[PDB]
Structures are given as C-alpha cells and as structure tokens.
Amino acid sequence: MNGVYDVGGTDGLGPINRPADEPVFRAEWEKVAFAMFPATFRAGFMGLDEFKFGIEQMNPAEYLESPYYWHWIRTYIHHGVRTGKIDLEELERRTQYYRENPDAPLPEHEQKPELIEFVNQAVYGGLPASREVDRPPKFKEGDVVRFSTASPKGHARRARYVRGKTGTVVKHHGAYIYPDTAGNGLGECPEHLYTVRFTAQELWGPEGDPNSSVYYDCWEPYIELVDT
C-alpha cells in the first residue's frame, strides 16, 4: 500500500536521534515483544510478509512516534484477531488487570523444551526465502528496465519513490517468496529477484547528486524491459 511507512524521499521527519550507545533492549517489555515473533510464527499467526503488512496498517501517527517493538505488538494482535487466535475482549480485560496489578504473576506454564529448541534452530539455521522455479530469469545484468506504476492497496515492496522509474539490472539473485502474494495471504508464489540501479537524477530530478545511485530490489513482475 501507499502508507506513511513508505518513507523513502520524505522530508520533514526531523533530525536523526542517535543516543551515544544504547542497550539492545531498552525495557523488559521489549524482550517479550521481540521473542513473541518466533512464538507467533510457529503457531501460525503469520509469515514474515504478513507480519510486515500488519505493521503497515497501524495508525500513522502512532507508527511515526511509538517505540519500534510496539509495532510488533500491534501486528501480533492484528493477526491474532484475523486468525481467531486472540479474543479482543479477553485481551482488554487482561490489560486492565495488569494495569491495576502490574506485579501480578504470569499464568502457570510448563517450560516446554521443544519451544527453546525451535528458537535455537531458527536462529542458527535460518528461515530461507529462496525457492526453486522451473522458468529461467527473464532479465539479466545490463538490461535497462522500468519499474511498474501499479499502486496496490495490499502488501507490496513498491516504494513510491521508484515507481515508474527506469534503471539498469545489476544482479540476478534467483527466485524468492513474492511479497505481493505472501503478505496478502495468497501464498509464496516465488518470483525471480533482481537488484536494479537507479541514478539519483532519475529519482530526484536536478536536486540529485550526479555521482550517486540507489540500488533497489525488484521481483520479476515489478519490472519490464526497456533495452536488453
């Protein structure tokens, strides 16, 4: 979609806040939010592309100014409700309970070792998105291509600043999960992936550095040939 998270080229968001050194986790709640990612993934709440789509549907002012891991909480709840796995009424009741009793214990539960084994395997083994397809890549290094002007409302990785722009293919990476389907609940539908180079003048006009380019990843449907 065309949401405020698509910030490339936006002005006026302010100076970078870079506090001289910071911890990995700024509060205990951030550790919980971070670790809910593998837990909700294993439980079928969402895949990685659906996860991002959930963040993209936040209130825009909340997205721009809230702590990063709060975005993750919002997407868990979004997919919890979507899959019927989270009852909102029970969530709101428990929230008030922990508002009023912040030191109350968590529910009794078994420390199932398979869940920790899952964490170790995911972390060190990875979750590769590369996929084999039968068809060869349509494009090759050096091809001049143009990026689609399509503006889907669902999930995509089509930053507004590259739509309709012309660039040169720099590398073919193989085929990967396609966000425009996976993030919208339509499956992996893998497509070949390329890096395409766009000059700063092509993207920004005369305000563009004559000695700078942006390299942007394009799945095959995003681009059409201009010159082989």
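Position 1 is the first residue in the sequence shown; the rest follow in order.
Quiz item: Going by the B-factors listed in the PDB entry, is the mean over the C-alpha atoms higher for 30-38 or for 199-207?
Solution: 199-207 has the higher mean C-alpha B-factor.
Quiz item: Looking only at CA atoms, which has the higher mean B factor in the entry: 75-83 or 129-137?
Solution: Going by the record's values, the stretch with the higher mean is 129-137.
Quiz prompt | Among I116, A150, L106, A122 - the residue whose C-alpha B-factor is largest in the record | solution = When the deposited C-alpha B-factors of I116, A150, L106, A122 are compared, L106 is largest.
Practice problem: Divide the modelled residues of the chain into thirds by Cα B-factor and specify which third, lowest, middle or highest, holds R157. | Solution: Lowest third.
Quiz item: Where does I16 sit by CA temperature factor within its chain: lowest, middle or highest third?
Solution: CA B-factor rank for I16: highest third.
Self-check item: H192 by Cα B-factor - lowest, middle or highest third of the modelled chain
Solution: Lowest third, going by the recorded CA B-factors of the chain.
Practice problem: Pull the Cα B-factor of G44 out of the PDB entry and bin it into the chain's lowest, middle or highest third. | Solution: Top third by C-alpha B-factor.
Quiz item: In terms of the CA temperature factor given in the entry, to which third of its chain does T95 belong: lowest, middle or highest?
Solution: Lowest third, going by the recorded CA B-factors of the chain.
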